[PDB]
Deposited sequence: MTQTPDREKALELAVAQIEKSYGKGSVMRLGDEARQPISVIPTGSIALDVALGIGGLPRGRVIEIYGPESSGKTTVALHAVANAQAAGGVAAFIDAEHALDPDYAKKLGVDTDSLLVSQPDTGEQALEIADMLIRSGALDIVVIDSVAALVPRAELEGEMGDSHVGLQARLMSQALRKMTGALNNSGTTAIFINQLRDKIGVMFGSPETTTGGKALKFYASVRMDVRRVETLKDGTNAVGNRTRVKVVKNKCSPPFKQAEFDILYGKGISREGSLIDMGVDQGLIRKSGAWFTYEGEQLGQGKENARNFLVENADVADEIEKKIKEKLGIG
């Protein structure tokens, strides 16, 4: 107990020195809070990440099935970076982006730099050029699976898509760290076995169940597991709502997390905050919080303070 605690401290200290800050952690530890993070759009996920958002200057992977919510999560990261005066880029080999949807959830699409590269090499090369400029807060790659190698596209064995990624990342990691630019790689299922090791954060996004008012389908309860996290204890998990045409329900995540923390009491169906009533249904509480941004900010501020998130 007594002589051991110092030998263990020493061991951890060496490991941080030799390999870097997050190289080893107890799962019960409090996260080192950075100066600035890129919030995700859900306080739930922000908390699950420890540091209140995605880290700057790092590689991030967000994977999951098609239409899982991963792209939505990436777009919010884009919107929040822009809203903080940042500049954004979207490297697109999927050709699936819906700008009106992006517009609706907060993205300044007009300002958004977009590139539709001819090959995987070019896609990563262009990203690297944007990154080394120093001008970007965030760049998104949609997607890893689509980063097809020139050789394959030119009709010319297979197995070098992995080599391509591996090479690109070795080069890109230093560039991101210096610039402080965040790189989000979206992924299906694969192709990124390099990505798994280079990524500081990995997020597993999935649809849990389908939200609805009656017969008509309004949205999706989404679930994210932070399977890898070099900036705070990993394996944390979050749930939030993605509403068709609207995106992540910030207000719905403030409520969920509000009651999670005791800031919002739930006497019956009624949701309560500081003696005042927010709504009878969860929707009413959600809707109340959209109509009253002041209180929604007030609640958000209280959740950050109680959990220590700058």
Exercise. Relative to the deposited sequence numbered from 1, which residue ranges are unmodelled?
Worked result: 1 to 3, 160 to 163, 197 to 210
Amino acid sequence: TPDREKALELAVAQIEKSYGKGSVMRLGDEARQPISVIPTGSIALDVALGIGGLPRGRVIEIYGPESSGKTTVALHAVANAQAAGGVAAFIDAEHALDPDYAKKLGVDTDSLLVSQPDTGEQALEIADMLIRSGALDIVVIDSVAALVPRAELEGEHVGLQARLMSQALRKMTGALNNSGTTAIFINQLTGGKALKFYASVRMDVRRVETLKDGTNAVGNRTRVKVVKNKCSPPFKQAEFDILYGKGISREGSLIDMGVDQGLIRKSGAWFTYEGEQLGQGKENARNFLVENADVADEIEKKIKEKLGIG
From here on, numbers count along this sequence of modelled residues.
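Heads up, when I say rigid core I mean the largest set of C-alphas that superpose within 1.5 Å between the two forms.
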Seminar exercise, completed: Per-stretch CA RMS vs shown form in 9 other deposited structures of this protein, rigid core as reference, larger of 157 to 165/110 to 118 is 157 to 165
Exercise. In 9 other deposited structures of this protein, superposed on the rigid core, which stretch sits farther off in Cα RMS terms, 129 to 137 or 207 to 215?
Worked result: 207 to 215
Seminar exercise, completed: Ranked by mean Cα B-factor in the entry, 177 to 185 and 161 to 169, top stretch is 161 to 169
Seminar exercise, completed: Per the PDB entry, mean CA B-factor is higher for 30 to 38 or 45 to 53, namely for 30 to 38
Problem set entry | Residue selected from 155, 234, 117, 149 by maximal Cα B factor | 155
Exercise. Which has the highest CA B-factor per the PDB entry: 245, 65, 252, 275?
Worked result: 275
Exercise. Compared with the other modelled residues in the chain, in which third is the CA B-factor of residue 200?
Worked result: lowest
Problem set entry | For residue 135, the third of its chain into which the C-alpha B factor falls | middle
Exercise. Sorting the chain's CA B-factors, does residue 143 end up in the lowest, middle or highest third?
Worked result: lowest
Seminar exercise, completed: Chain thirds by Cα B factor, record data; residue 69 belongs to the lowest
For this session: Report the third (lowest, middle or highest) to which the CA temperature factor of residue 216 belongs, ranking only the modelled residues of the same chain.
Result: highest
